Structure formats: structure tokens, C-alpha cells
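Chemist: Before we start, here is the structure in question, set down as C-alpha cells.
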Amino acid sequence: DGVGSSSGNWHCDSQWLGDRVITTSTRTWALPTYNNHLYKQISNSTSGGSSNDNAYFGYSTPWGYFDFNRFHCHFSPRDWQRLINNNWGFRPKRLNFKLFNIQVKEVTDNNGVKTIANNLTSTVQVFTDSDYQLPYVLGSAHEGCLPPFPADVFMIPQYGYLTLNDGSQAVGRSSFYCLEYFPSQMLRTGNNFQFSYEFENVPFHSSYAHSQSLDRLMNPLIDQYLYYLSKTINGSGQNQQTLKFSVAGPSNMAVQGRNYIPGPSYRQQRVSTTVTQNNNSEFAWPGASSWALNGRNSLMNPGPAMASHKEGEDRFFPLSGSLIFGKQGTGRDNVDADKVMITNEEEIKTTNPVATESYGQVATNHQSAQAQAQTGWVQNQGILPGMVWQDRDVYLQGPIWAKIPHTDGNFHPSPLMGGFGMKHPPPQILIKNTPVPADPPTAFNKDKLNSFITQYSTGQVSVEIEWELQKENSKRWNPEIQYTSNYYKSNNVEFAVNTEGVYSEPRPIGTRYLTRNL
Amino acid sequence: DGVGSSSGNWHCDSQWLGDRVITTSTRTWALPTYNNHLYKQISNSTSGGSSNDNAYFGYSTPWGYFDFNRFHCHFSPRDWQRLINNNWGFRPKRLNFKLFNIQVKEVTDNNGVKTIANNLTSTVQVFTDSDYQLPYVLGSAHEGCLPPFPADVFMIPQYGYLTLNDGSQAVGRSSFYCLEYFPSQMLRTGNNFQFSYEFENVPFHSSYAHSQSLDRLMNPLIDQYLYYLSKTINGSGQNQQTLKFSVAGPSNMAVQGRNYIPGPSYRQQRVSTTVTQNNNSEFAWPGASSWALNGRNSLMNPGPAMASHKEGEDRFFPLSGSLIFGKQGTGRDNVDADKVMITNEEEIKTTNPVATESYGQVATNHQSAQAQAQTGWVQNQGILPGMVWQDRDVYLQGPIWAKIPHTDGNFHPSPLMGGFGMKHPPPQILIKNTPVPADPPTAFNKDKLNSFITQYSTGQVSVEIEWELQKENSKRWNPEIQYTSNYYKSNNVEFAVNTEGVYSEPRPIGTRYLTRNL
Amino acid sequence: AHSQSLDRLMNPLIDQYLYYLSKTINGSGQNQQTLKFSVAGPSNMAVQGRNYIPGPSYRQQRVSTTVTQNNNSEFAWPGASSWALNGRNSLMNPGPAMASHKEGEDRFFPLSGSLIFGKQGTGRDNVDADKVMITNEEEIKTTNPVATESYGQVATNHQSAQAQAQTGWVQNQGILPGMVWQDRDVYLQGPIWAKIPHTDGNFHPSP
Ligand SMILES: OC[C@H]1O[C@@H](O)[C@H](O)[C@@H](O)[C@H]1O
Ligand SMILES: OC[C@H]1O[C@@H](O)[C@H](O)[C@@H](O)[C@H]1O
Ligand SMILES: OC[C@H]1O[C@@H](O)[C@H](O)[C@@H](O)[C@H]1O
């Protein structure tokens, strides 16, 4: 429209209908010029990397992008409480995105003194990758999200991507992408941008914990009509061999026949937060579970979903097998345990093997009169028919969706870090300040212009997501576990601003409070 | 609309119809950035407070708000005179509010020299809390009103609020509010804002004084048919006991039967403006009437409405029991009596007990041949059926409405400081300059941006209130008391500007001049 | 429950335009008398003018569940709040709704002023505190006076050059205009309705 008109309004609320929740978030952003308007080849060579496991090849772009892919972008802590205490499930449905009130600014420096002024004719350009033709970086859990607290102003992160490498080198199959080779909308102050998106059908996240365990599903009062082998010897001494059979029943539940078995396992090393209980060695990398791809070792960072500890063992956690969030102000490198927050998957204990335990035991031989029966431990167990499992829980600090990789086959493509896997996730939204040349020379020169006006932009972003709810139908008589604030006096309010103005999230909050039968 | 068009006009007049008055006020405001765009936890610890009675916990916000809640915002002194001399009652009916001609400005400092320029693309954001979802601070009598004199330019006050505390700490029941989590309208120069409001039904304020007193309502010429106990002894000496009864009549009015009794009382300590008549001790706090809430003592600052002094005792005033206004230029702390203006409620003397007197006397025992009759003084008297009272008078300097607290029960929820109590008062109007980041760094950083362009806004506000009038029907023969200016020569005109340009209000003006029968 | 208290409803950042009497003497010594006035503001919140005051009070005796803190006497009936009807004394068993204790004082409870439920299998007569369940009204602390405290203080005299200012404690306070209160909370074990007695008049007939 024009210089003097606002191109959009602040809309931050949430709206609870019967089976639907509509979250709306507005934030203020700032976009720098990245890479001096250049595309740059980057690799572990350009960054000085060494180990082959860390080698990479790729490109950094002048562009930047929006990430709303964490839940605290869309939910206040109160809204999150309201979701998790009342609902068995939820999934995203629709998306609405807006860019408005764009302001492009010019920075001039004289001597040690900078002046900022509006550049009214400068433009910002924006496009969504709707055909998913770019490397999708939103499914890796990155910084640069919209801030959880609506009054914070955030920097837009720089877009970059990786392609195939051999060491620091690239192969011929490596692909380079110019983001200028897409059509994009150009925006002066007074222009706005919007688009809508439909989430594809995704199952409801399970926001409940089971009130039954998979090995306890029997009627405790009644025998089975099945028999098991109770006794193989008639007693001490030579040549005592029998087959004795007993009814499996209430008194021996471990031996009863069952129709369903716990889900798959890939075993994690167990680490105690009580520190003297740990070995006196460096096992962090060496003792870690990992998978290998093309000679590279990638740590298996989230487990396949697994229970983080056994009952009462809460001090234990799987080495890499859980999500670790930092507290507010926690540094980058080598921080103590009290400065991070270790998620635990304890609720899926009912259907899922413990991350730090063997799946079970198998027979390793044929017994005989000569040979005793031998068993061995199953350290990793793939899918078996009859397995049943829960996915990893999702967190207010955590990711929402991932892009399912485009491949011939996948199994149960729920993202291992948690959330909703999608073949066509919310598309990437790319934004860039268009370069404005400084004064060119008065004689022609064929070289590309390397001299530009120093410039940055700011504005507002609205994200509106419609969420579908699955209500609790339970007949449970006794009251349930719910997420609560604690009444006891404290210097600060949890999930509130500091005395210095710093918003913090004191604890990770999962979704699983309400219960269901198994 | 656009940069070059005015978005509204100055409208300041008042319009007197038959039973309606419409006041319109326009002022010029300036809005700073508050708190460097931050929410801040505040408490008596952050301010250094000590006593438990003064302890608090709360938040200061970057937002600011409009307060038109004093009468001098809407009434010129002449209009006020015209209201109070001609009318038995008035109440507010409708409200219309406008923000227009917004100007956002940028401040740059080089060395000891500041330059102010327009920022044409910057925006201001505004919303009303229509659902009363925020702590309501307009019902406490605060500075920051629209100025009584239309040519004065005023600063918008900063919005803050308190929640539950224990000492300086907060409890889990304490609530934090982000004002960004409301939808608000964004305004560039050329955008304007308006909304309308309907006052809910409120009784007319009583702008009259009674021409009768509650104990004089009888016919002075005629006896009662009731009898009272005149004499209990037949004379001096032993064993003189009788019951003698007399007709209550014109000669003894104190003893007549009456149908209605004066309203409730909570006794205030009496202070003389003649200073040698006061005790030589510090009684201000120690001798003060107070109420206790959760171990805190709050001074009972306005009385329940009560008469400020007896007849001819005008030098006396209740310790806290009246409203005290400062004169123009009166300082903050420890000022002499001549620099303030002490309101008196003298007109309600007819139906209301004197603030500094006991309500009356009650029997404390059973008399008998052994025991003399004993009485005691009633220092505080709650509501009794048959009580009748007037509310506190309202003032041109004083507040208009309060928000009735949201509770299971209340009694006669007329605000004790005076005015119109409402469950849904005029809503809070919140305004903020939207933060404009300075130049961000060219490498991504996840920290919220703490560097902003220094900025402030100005504009105009219109408030239009429709007032309903209640005319005088009186049959009184003799002329009445009216508010007047005094003809005698003076250096300045009252309610006019100074020789230095300073507007002042020389006296508090109540509403009660005309009379009614009781 | 209220997230604000009735005495904290102000804007903490802004002064009042009202004044209060801060100082009555100019100092030590004879014949020091002044009237000094100050703005009520963020630093002194206790003295600010307010539009609404806490609800009515009828004072209850305070009993500690820590037993050595109680007096060594039988006060159960003798120290109890009561009302009289036709020469009969009825213990005032539920208070008019009032806050059961001050902050952090949870060990205290009003003598009769709260509902006491028995646990399962609790006997009829003279049972220990661990066999009953003492309700507390702590949430109404924001608008309601504490059951075991005085409502406040009133002036009992006229001060003068001869007489110092005297105050006295208000043990019971009836309704005043401008009072605001919460009703007693309701419980899963508790009653639902009552019949309002059929009478000429009643006030706020919440059971
Ligand atoms: O290969 C050895 C290295 O492996 C890395 O993945 C690990 O983070 C390092 O600590 C180091 O042990
Ligand atoms: O508690 C003692 C104090 O109480 C305050 O409310 C009063 O304003 C002070 O003057 C001081 O007397
Ligand atoms: O009047 C004296 C009696 O009063 C009763 O109401 C009380 O329950 C008894 O314990 C006893 O003290």
C-alpha cells in the first residue's frame, strides 16, 4: 500500500473451541545481510575440521529463513498445561503465515559513529519452497526459532545446506542450488506476504501414559488353559530327567502366554547423574551407540523410542538416548549437569524396553545330555510381528514436525526426536534483503559489483496453526496426575520474566499425564 | 491513510441538551519507550522496601495506558459549575475514544547532541482490554490523567501490576501477564484508532445536600401517640422506684420513635488544622484506623462515607477519612497543610454519623437493685436494617468510576473514594511503541536483540462521554446555595492560567449545593 | 482463587494524586506540632486510598495442631465464639466466611471456624487430630480477613494537647458499604444446598 499505513496487526492469542485449538503468534524479527550477498562453498576444510566422521561439503547462502517448528512458538505454558491435562491427543491441521510492516534500514558509518535511516525504496524478497525443491533444514533441531516469549525480538537464521562429500571434497553427484533461481515476491514498506498450508493426515500424538503394562494384561483371578514346562529334572542325582508341565496362572505371571511383546530396542549405555557411580574413564564417545553410513560414524542420538530408566532408577539416563535442553543462559561448551535439563521417557516403560537394558535372552545352542542349555543377551532387537510400542514424547521446548526423507521405503516414520513426520511438512520460508549497490564507477567494468549499501530489515511475523484435539473418554474412578505449578514461595514465578527482563523456561514439559488402558 | 493527511480533528467542546451533557476532550500526548521494551519482575526487594505492610510482588511492562478517570478531564470548571448548580444527579452513559495523528520519532545522539527525526514506517500498537483479563489499575487514583487544561501536553503513564506475594517472594498462585499475548492494532502515521463503550446502569450520583436531618423528620406541632420511659425513680432516698411514662412530643424530640437510623460508622481519629490543639506526639500511623488482610495493615483511607466534622467544627478533619488533593506545584513529601486541599464531607451530616464521633451508646449489662445501668460507646457500627446513608461526594479533581472487584459478594459497591462502581468499567487502553532493532550482526546469534533504535511517539486523544442529567424539581421558596466565583479583585483569575503559563485549580469543588427533602 | 489481594490492586509504578498525613510532630521536644502531608505511592502502599475493603469478620480463637503451642487449659467450649438465641448459646460453628490462617501459619486453625471431616473408620467421640481432616479456607485470604485476627483498629477517643490518640481492636465487624468478600469453599465431601429460612429479611443467604 503506502509508507504511512500499517500492513498488518499484532495477533498473539489462542482460541479453544470444542475439538480445536487455534494458536496465533506474532513476533518482531530483524534480518541482516548474510555473506555479503554471496553464495559460498563451505566444508570442514573451510572450518578446519579434521575427523572423517565430521567431514562435510555444502554452501552458505545470503538468504535466511523462518523456523516456527518448536511448540513454545505456538503455546504459552498455560496453553500447554491446558492441552496436556485435558486431552488424549492432538495433531496440527492448518497453517497461516504472514509477513507485514516490513522496514528496510540503511546504516552509514562516518568515523566510529553509525547512523541508521530508513531506505523507503528498498525491498525484501520472500518465497516458500512449496515443491520441496531445496534441502530441507527445518527437520533438524536448530536454533533460530520464534522466541517462546512474545515480547522478544529475534534474529532470522542464515540458510545453508549440505550435499554429498568425500572428505572435504565434493563429487559429481553433489548439487548446488541458487535461491535466486526461484520466483520470489519483492516487498517494500507497505507490502505484505502471506500463504496458507494444510498439514497432511498425521496420527494424533499420544498425550497419555498407559495405566497398564504389556506384561500385566491378564485377569489376575483366573488360570490360563495353556501349559508351560515347569520342571526338567526330577531331582538331584544322575539320570533325573522329566518333562513336567503346569498351568500358567495368577501365581506365576512371568510364564503366561501373551499375544503381544514390547517394541524394538537398540541398547544405550547407562549414565548416572550421581557422578561417583560412573566409571573413571572417558566413555562419552567410545562407549556410545552409533550407526555407520559410508564409513562415517553417527552417534545414535535419540534412541528408537525406549524407556529411559527402570522404576526408581531416575538417576540413570541413556548416554545419548534422550533429549537434552539447556536452561536459560546455559553456555555452549562443556557445561555441568545442573545447567541442562535431561528429558526422560519414563512413561513408555509400560510398552517399551528400557534404553539401558538388554531386550531379553535367546537360546544360543541345542541342549543335550552332553550340553547344558545356553542363552545370550539380545543387545538390539529389530521389529517382530506382535511388537507394540509408543513413540517418543513431545515437549513444549521440542520440535513439532520433521520431513520424512524421500525414499523407496521407511518404517513407522515418526521422527525419532519426536513429533509428526510428514512427506510434505510446512514448507521452508526464505527471506533476503535485496542487494542495493553503492555508487558504481562512471566507466564500464564487467566485474560483478562488490560494493553495496549496508542494510538490514525488520518486521513482524504471524503464524496461525489450527490444532485438532482428542478428548479423554476415561472411566477411571480415582483422580489423575496433572501438570501443576507448585504453590511454595519462590523468588521468581516459573515461566515468567526475570527481575532483569529475562524470560526462562525452568523445566521441560512433556504431554503425558492422563492415562489410558493398554 | 497517508503521511500527508491528518487522521483526525481537534474536538474539545461540551454540549448541553435537555437531559444530556456530552463532553469531548482532546489532548496531545507523548509516549516514551518504557523498560527498554522489557517486562521486569518488581518487588519491595527491588525497590528496597522493608515493612511487611508495604511488601509487594509484581511486574512492570513496556506498555503504557490512558487514564481519563478524573472529572476535570471531561469538564471545564464552568461546565462543572453548570452541572452542580442546576442538577440533582448525573451519571455516565456512553464513551467514545480516539487515537489519531500518530507521529513516531527517532532520536540519535552523536556526542552530547541529539537529533530528532521522523520515522515514517514505525508503528504504535494499541488495544483495549475488553474482557477485563488484565489487572485493572484505573480504579486506584493515580497520576497520569489527561490534563485538566486542554493546552497541556502530557506523558502517558507506564502500565504495571501486582500479583500475590509473600514478603518480596511470589507464590505459585501468582500470575504473570504478557501484554503481547493480546491482539492489538498496529498504527503508522496515517492510521487511527477508535472504540465505543457503554456504561452499565449505575445510580445517579447525588449532587444535592439534604435540607432535613434524619432526626428532625417529625411534625414539630404534634405529639406522638407513642410513650417512652421518662422517670425510673420517684425521688431521692431509699426504695424509690417507679416506672413513669410520657408522650414523646415537640418539647422532647430526642426521645421520639423513628423509623430510620443513620448509616454505618468506622471511627476516625480527629485532627485539628489549628496545630497547638493536637497532641505533642507522632500519632499519624499509630493513631490511625486500619484494616488487616493476611497479616498486613492497610490504613482505612477513605472512611465508609461519614460526615467530616460537627457543626462549626470545620477546623477538625478525620485523620485519613477524607480526600486530600495537592495544590499546583505542591511537592511530593512532607508538605505543610497550606500546600494541600482537605476535602470535607460536611453535607452528609444529615444522614451520616460524624467520622470522628462514636456511633452511639449501647447497654453493656443488666441493671438491677444491685447493679446500676451501664453503657458503652460504639466505635464501629456495621449495617443495621433501617439504616440510611449518603455516599461520598464526588469532585472535579476526583475519580469518576472504579471497577467493582469480582467476588461472590459485596455490599453497596459504591467506590469509597467516590464515584460510580461498575462490574465492567471503561476498559483499559494500552499503548506501546513497537521495538525497532538496531543493526543486527551479520553472523547469526540466537540471543534476543537488546539493541534498539531510540524512539518515541506523540499524537492526539479524543474522549467523548455522554452524561445523563437529573433535573431539580424543588418547591423550595427561598434561594439556594450555589457555587460561585468571588467578585473581589485578585492578582490571578481562579481556574485560569498563570503569568508564567501555569494552569491551576485553586479549590476542590464538590457537587452538593442544591437541596432536597429527606 | 484470586491471583490478586484487595490491598494490592494499585499500579505499582505510579503515585496517587491523593495525600495522606505523614507527620504530626516536627521533632523531639515540647510544642512540636505540625501537619505534614505526603503523596501515597509505590513505596508506601499501606496508606494509599482504596475503593474497597475486606468483608465482615467475627473473630475465632486460634488453635495450633502443634499441641505444645496451645494453652494448658480446657478452652474448647469456654474460649469459643458463639451466638445467643432465647437464652441458649449456639457455638458459631462455621465462621462468616473468613481466611483460616495467615501466610505460612498453616498449623493454626480457627477453633470452630472450619469444616472438620472424619477419615474412614474414624470413631464418634474424642478422636485425635490425625483421625480427622481439617479444612482450610486459605484461598480467600485475598479478600477476607483472617478468622483468628482482629478486623482492624478504630479510634477510641479525641486526641488533644492533653490526650494521646487511642485505638482499639475490632473483634467483630458487620457489613460496611464497600466491603467485598468470598463465600466459603465447597468440598467433594461437603454439602451442596441449604434451604434459606423463610423470613422477612436475610443478607447474602449463602449457606
Ligand atoms: O572419534 C573420536 C572422537 O569422536 C567424536 O565423535 C567425539 O565427539 C569426540 O569426543 C572423540 O572421541
Ligand atoms: O508500622 C510503622 C509505620 O507504618 C507505616 O504505615 C507508616 O506510614 C509509618 O509512618 C510508620 O509509622
Ligand atoms: O456450658 C458448658 C458446656 O458447654 C457445651 O456446649 C460444651 O460442649 C461442653 O464441653 C461444656 O463446656
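We name chains A, B, ... following the order of the C-alpha cells; residues begin at 1 in each chain, and ligands are numbered from 1 as shown.
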Can you tell me, as a PyMOL selection string, what residues are no more than 7 Å from residue 39 of chain A when counting only C-alpha atoms, ignoring any on the same chain fewer than 5 positions away?
Modeler: chain A and resi 59-62
Chemist: Any chance you could export the current selection's N, CA and C atoms as a PDB file, in the first residue's frame?
Modeler:
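File written: selection.pdb
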```pdb
ATOM      1  N   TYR A  59      27.048 -25.380   1.032  1.00  0.00           N
ATOM      2  CA  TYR A  59      27.007 -23.982   0.654  1.00  0.00           C
ATOM      3  C   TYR A  59      26.285 -23.180   1.714  1.00  0.00           C
ATOM      4  N   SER A  60      26.790 -21.988   1.977  1.00  0.00           N
ATOM      5  CA  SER A  60      26.063 -20.992   2.743  1.00  0.00           C
ATOM      6  C   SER A  60      25.478 -19.979   1.775  1.00  0.00           C
ATOM      7  N   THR A  61      24.295 -19.488   2.088  1.00  0.00           N
ATOM      8  CA  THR A  61      23.549 -18.634   1.185  1.00  0.00           C
ATOM      9  C   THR A  61      23.384 -17.255   1.799  1.00  0.00           C
ATOM     10  N   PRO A  62      23.146 -16.233   0.980  1.00  0.00           N
ATOM     11  CA  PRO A  62      22.799 -14.917   1.525  1.00  0.00           C
ATOM     12  C   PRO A  62      21.421 -14.868   2.159  1.00  0.00           C
TER      13      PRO A  62
END
```
Chemist: Dump the neighbourhood of ligand 1 as a PDB file with N, CA and C atoms, in the first residue's frame: all residues within 7 Å, distances computed on only C-alpha atoms and all ligand atoms.
Modeler:
```
ATOM      1  N   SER A  51      38.250 -34.836  11.770  1.00  0.00           N
ATOM      2  CA  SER A  51      37.804 -36.224  11.761  1.00  0.00           C
ATOM      3  C   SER A  51      36.881 -36.498  10.583  1.00  0.00           C
ATOM      4  N   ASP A  53      34.400 -38.463  10.500  1.00  0.00           N
ATOM      5  CA  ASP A  53      33.006 -38.505  10.917  1.00  0.00           C
ATOM      6  C   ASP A  53      32.357 -37.134  10.835  1.00  0.00           C
ATOM      7  N   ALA A 284      32.404 -41.136  26.798  1.00  0.00           N
ATOM      8  CA  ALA A 284      31.320 -40.404  26.145  1.00  0.00           C
ATOM      9  C   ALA A 284      31.181 -40.795  24.680  1.00  0.00           C
ATOM     10  N   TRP A 285      32.201 -40.518  23.880  1.00  0.00           N
ATOM     11  CA  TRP A 285      32.218 -41.078  22.530  1.00  0.00           C
ATOM     12  C   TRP A 285      32.514 -42.573  22.509  1.00  0.00           C
ATOM     13  N   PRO A 286      33.572 -43.082  23.149  1.00  0.00           N
ATOM     14  CA  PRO A 286      33.916 -44.501  22.964  1.00  0.00           C
ATOM     15  C   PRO A 286      32.843 -45.478  23.402  1.00  0.00           C
TER      16      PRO A 286
END
```
Chemist: Please identify every residue of chain A that has at least one atom no more than 12 Å from any atom of chain C, counting only C-alpha atoms, and report them as a VMD selection string.
Modeler: chain A and resid 487 to 489
Chemist: Pull out every residue of chain A sitting within 7 Å of chain B, counting only C-alpha atoms, and send them as a PyMOL selection string.
Modeler: chain A and resi 2-6+8-13+30+32-34+103+143-144+150-155+157-158+456+485-493+496-501
Chemist: Taking 6 positions as the minimum chain separation for residues in the same chain, which residues sit within 9 Å of residue 26 of chain C when counting only C-alpha atoms? Answer as number ranges by chain.
Modeler: B: 282; C: 32-36
Chemist: In Å, how far is it from atom CA of residue 310 of chain B to atom CA of residue 361 of chain B?
Modeler: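 Distance reported for this atom pair: 17.9 Å.
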Chemist: Given a cut-off of 10 Å, what residues near ligand 2 show up using only C-alpha atoms and all ligand atoms, put as a PyMOL selection string?
Modeler: (chain B and resi 51-54+282-288+290+296-299) or (chain C and resi 20-24+38+40+43-48)
Chemist: With ligand 3 as the partner and 9 Å as the cut-off, tabulate the residues of chain C that qualify, each row holding the nearest pair of atoms and their distance in Å to one decimal, using only C-alpha atoms and all ligand atoms, sorted by chain and rising number, as a Markdown table.
Modeler:
```
| residue | atom | partner | partner_atom_place_in_ligand_line | distance |
| --- | --- | --- | --- | --- |
| C:74 | CA | ligand 3 | 12 (O) | 8.4 |
| C:75 | CA | ligand 3 | 12 (O) | 8.2 |
| C:76 | CA | ligand 3 | 10 (O) | 6.8 |
| C:77 | CA | ligand 3 | 12 (O) | 4.6 |
| C:78 | CA | ligand 3 | 12 (O) | 6.2 |
| C:89 | CA | ligand 3 | 6 (O) | 7.6 |
| C:90 | CA | ligand 3 | 6 (O) | 7.6 |
| C:91 | CA | ligand 3 | 6 (O) | 7.3 |
```
Chemist: Produce a file of the selected residues containing C-alpha atoms, as an mmCIF file, in the first residue's frame.
Modeler:
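Listed below is the output, part.cif:
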```cif
data_model
loop_
_atom_site.group_PDB
_atom_site.id
_atom_site.type_symbol
_atom_site.label_atom_id
_atom_site.label_comp_id
_atom_site.auth_asym_id
_atom_site.auth_seq_id
_atom_site.Cartn_x
_atom_site.Cartn_y
_atom_site.Cartn_z
ATOM 1 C CA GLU C 74 -9.814 -26.528 78.688
ATOM 2 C CA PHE C 75 -10.865 -23.724 76.348
ATOM 3 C CA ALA C 76 -12.818 -25.731 73.748
ATOM 4 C CA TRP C 77 -16.242 -24.571 74.871
ATOM 5 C CA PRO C 78 -15.170 -21.681 77.170
ATOM 6 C CA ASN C 89 -25.814 -20.422 73.389
ATOM 7 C CA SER C 90 -25.045 -21.839 69.965
ATOM 8 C CA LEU C 91 -21.404 -22.135 69.038
#
```
Chemist: What are the DSSP helix (DSSP H, G or I) residues of segment 11-229 of chain B, as a PDB file with N, CA and C atoms, in the first residue's frame?
Modeler:
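Result file follows (result_19.pdb):
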```pdb
ATOM      1  N   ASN B  35      10.994   0.657  30.031  1.00  0.00           N
ATOM      2  CA  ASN B  35      11.712  -0.551  30.429  1.00  0.00           C
ATOM      3  C   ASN B  35      12.619  -1.105  29.351  1.00  0.00           C
ATOM      4  N   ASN B  36      13.028  -0.294  28.383  1.00  0.00           N
ATOM      5  CA  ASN B  36      13.803  -0.779  27.248  1.00  0.00           C
ATOM      6  C   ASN B  36      13.130  -1.982  26.596  1.00  0.00           C
ATOM      7  N   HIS B  37      11.819  -1.873  26.408  1.00  0.00           N
ATOM      8  CA  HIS B  37      10.985  -2.887  25.775  1.00  0.00           C
ATOM      9  C   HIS B  37      10.905  -4.176  26.576  1.00  0.00           C
ATOM     10  N   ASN B  44       9.128  -5.151  46.552  1.00  0.00           N
ATOM     11  CA  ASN B  44       9.713  -4.262  47.545  1.00  0.00           C
ATOM     12  C   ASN B  44      11.190  -4.550  47.747  1.00  0.00           C
ATOM     13  N   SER B  45      11.638  -5.751  47.390  1.00  0.00           N
ATOM     14  CA  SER B  45      13.066  -6.038  47.376  1.00  0.00           C
ATOM     15  C   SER B  45      13.778  -5.241  46.292  1.00  0.00           C
ATOM     16  N   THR B  46      13.203  -5.190  45.087  1.00  0.00           N
ATOM     17  CA  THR B  46      13.844  -4.452  44.004  1.00  0.00           C
ATOM     18  C   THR B  46      13.851  -2.956  44.279  1.00  0.00           C
ATOM     19  N   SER B  47      12.886  -2.465  45.047  1.00  0.00           N
ATOM     20  CA  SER B  47      12.833  -1.066  45.433  1.00  0.00           C
ATOM     21  C   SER B  47      13.426  -0.804  46.810  1.00  0.00           C
ATOM     22  N   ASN B  52       6.557  -5.137  56.356  1.00  0.00           N
ATOM     23  CA  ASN B  52       5.694  -6.145  55.758  1.00  0.00           C
ATOM     24  C   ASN B  52       4.405  -5.540  55.228  1.00  0.00           C
ATOM     25  N   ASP B  53       3.926  -4.458  55.844  1.00  0.00           N
ATOM     26  CA  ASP B  53       2.713  -3.820  55.354  1.00  0.00           C
ATOM     27  C   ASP B  53       2.898  -3.270  53.950  1.00  0.00           C
ATOM     28  N   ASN B  54       4.126  -2.938  53.577  1.00  0.00           N
ATOM     29  CA  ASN B  54       4.409  -2.380  52.267  1.00  0.00           C
ATOM     30  C   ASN B  54       4.959  -3.384  51.263  1.00  0.00           C
ATOM     31  N   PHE B  71     -12.726  13.796  36.738  1.00  0.00           N
ATOM     32  CA  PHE B  71     -13.745  14.657  36.145  1.00  0.00           C
ATOM     33  C   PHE B  71     -13.157  15.865  35.438  1.00  0.00           C
ATOM     34  N   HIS B  72     -12.067  16.441  35.947  1.00  0.00           N
ATOM     35  CA  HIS B  72     -11.530  17.599  35.250  1.00  0.00           C
ATOM     36  C   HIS B  72     -11.007  17.250  33.866  1.00  0.00           C
ATOM     37  N   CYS B  73     -10.886  15.966  33.542  1.00  0.00           N
ATOM     38  CA  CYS B  73     -10.586  15.590  32.170  1.00  0.00           C
ATOM     39  C   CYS B  73     -11.734  15.964  31.245  1.00  0.00           C
ATOM     40  N   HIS B  74     -12.963  15.795  31.708  1.00  0.00           N
ATOM     41  CA  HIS B  74     -14.117  15.984  30.848  1.00  0.00           C
ATOM     42  C   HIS B  74     -14.866  17.292  31.051  1.00  0.00           C
ATOM     43  N   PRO B  77     -14.107  23.993  34.420  1.00  0.00           N
ATOM     44  CA  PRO B  77     -14.670  24.489  35.681  1.00  0.00           C
ATOM     45  C   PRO B  77     -16.025  25.149  35.504  1.00  0.00           C
ATOM     46  N   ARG B  78     -16.226  25.869  34.405  1.00  0.00           N
ATOM     47  CA  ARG B  78     -17.532  26.447  34.127  1.00  0.00           C
ATOM     48  C   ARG B  78     -18.576  25.366  33.877  1.00  0.00           C
ATOM     49  N   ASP B  79     -18.226  24.340  33.105  1.00  0.00           N
ATOM     50  CA  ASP B  79     -19.147  23.232  32.882  1.00  0.00           C
ATOM     51  C   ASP B  79     -19.484  22.528  34.180  1.00  0.00           C
ATOM     52  N   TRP B  80     -18.499  22.377  35.056  1.00  0.00           N
ATOM     53  CA  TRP B  80     -18.741  21.760  36.347  1.00  0.00           C
ATOM     54  C   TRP B  80     -19.704  22.596  37.177  1.00  0.00           C
ATOM     55  N   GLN B  81     -19.505  23.914  37.193  1.00  0.00           N
ATOM     56  CA  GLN B  81     -20.434  24.809  37.870  1.00  0.00           C
ATOM     57  C   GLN B  81     -21.834  24.648  37.312  1.00  0.00           C
ATOM     58  N   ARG B  82     -21.933  24.589  35.994  1.00  0.00           N
ATOM     59  CA  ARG B  82     -23.210  24.466  35.319  1.00  0.00           C
ATOM     60  C   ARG B  82     -23.886  23.148  35.659  1.00  0.00           C
ATOM     61  N   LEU B  83     -23.102  22.087  35.829  1.00  0.00           N
ATOM     62  CA  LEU B  83     -23.646  20.812  36.271  1.00  0.00           C
ATOM     63  C   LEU B  83     -24.159  20.887  37.703  1.00  0.00           C
ATOM     64  N   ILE B  84     -23.324  21.356  38.624  1.00  0.00           N
ATOM     65  CA  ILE B  84     -23.634  21.193  40.036  1.00  0.00           C
ATOM     66  C   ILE B  84     -24.682  22.181  40.520  1.00  0.00           C
ATOM     67  N   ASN B  85     -24.827  23.329  39.874  1.00  0.00           N
ATOM     68  CA  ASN B  85     -25.825  24.276  40.340  1.00  0.00           C
ATOM     69  C   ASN B  85     -27.226  23.951  39.862  1.00  0.00           C
ATOM     70  N   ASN B  86     -27.365  23.240  38.755  1.00  0.00           N
ATOM     71  CA  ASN B  86     -28.664  23.023  38.148  1.00  0.00           C
ATOM     72  C   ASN B  86     -29.231  21.619  38.278  1.00  0.00           C
ATOM     73  N   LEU B 179       1.516  -8.639  27.814  1.00  0.00           N
ATOM     74  CA  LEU B 179       0.564  -7.854  27.051  1.00  0.00           C
ATOM     75  C   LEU B 179       0.708  -8.078  25.561  1.00  0.00           C
ATOM     76  N   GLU B 180       1.837  -8.627  25.123  1.00  0.00           N
ATOM     77  CA  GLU B 180       1.984  -9.001  23.730  1.00  0.00           C
ATOM     78  C   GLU B 180       1.087 -10.156  23.350  1.00  0.00           C
ATOM     79  N   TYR B 181       0.513 -10.843  24.321  1.00  0.00           N
ATOM     80  CA  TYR B 181      -0.261 -12.041  24.073  1.00  0.00           C
ATOM     81  C   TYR B 181      -1.733 -11.739  23.823  1.00  0.00           C
TER      82      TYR B 181
END
```
Chemist: Report as a compact mmCIF listing (two decimals) with N, CA, C and O atoms, in the first residue's frame all protein, DNA and RNA residues lying within 6 Å of residue 179 of chain C, evaluated on only C-alpha atoms, omitting residues in the same chain fewer than 4 positions from it.
Modeler:
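Below is the file part_26.txt, written as the result:
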```
# COMPACT_ATOMS: atom_id res chain seq x y z
N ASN B 410 -20.63 -8.53 47.73
CA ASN B 410 -20.22 -7.18 48.04
C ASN B 410 -21.46 -6.50 48.59
O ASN B 410 -22.57 -7.00 48.44
N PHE B 411 -21.27 -5.38 49.26
CA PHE B 411 -22.41 -4.62 49.70
C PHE B 411 -22.26 -3.18 49.29
O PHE B 411 -21.23 -2.56 49.57
N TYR C 52 -12.29 -0.26 48.06
CA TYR C 52 -12.99 -1.42 48.56
C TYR C 52 -12.21 -2.04 49.70
O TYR C 52 -10.98 -2.03 49.70
N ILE C 53 -12.94 -2.57 50.67
CA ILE C 53 -12.34 -3.03 51.92
C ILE C 53 -12.78 -4.47 52.13
O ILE C 53 -13.78 -4.93 51.57
N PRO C 54 -12.03 -5.23 52.92
CA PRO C 54 -12.35 -6.65 53.12
C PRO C 54 -13.66 -6.86 53.85
O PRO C 54 -14.16 -5.99 54.57
N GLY C 55 -14.21 -8.06 53.67
CA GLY C 55 -15.52 -8.38 54.14
C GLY C 55 -15.58 -8.52 55.65
O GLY C 55 -14.60 -8.31 56.36
```
Chemist: What is the distance, in Å and to one decimal place, between atom CA of residue 4 of chain C and atom CA of residue 135 of chain B?
Modeler: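 Atom CA of residue 135 of chain B lies at a distance of 8.2 Å from atom CA of residue 4 of chain C.
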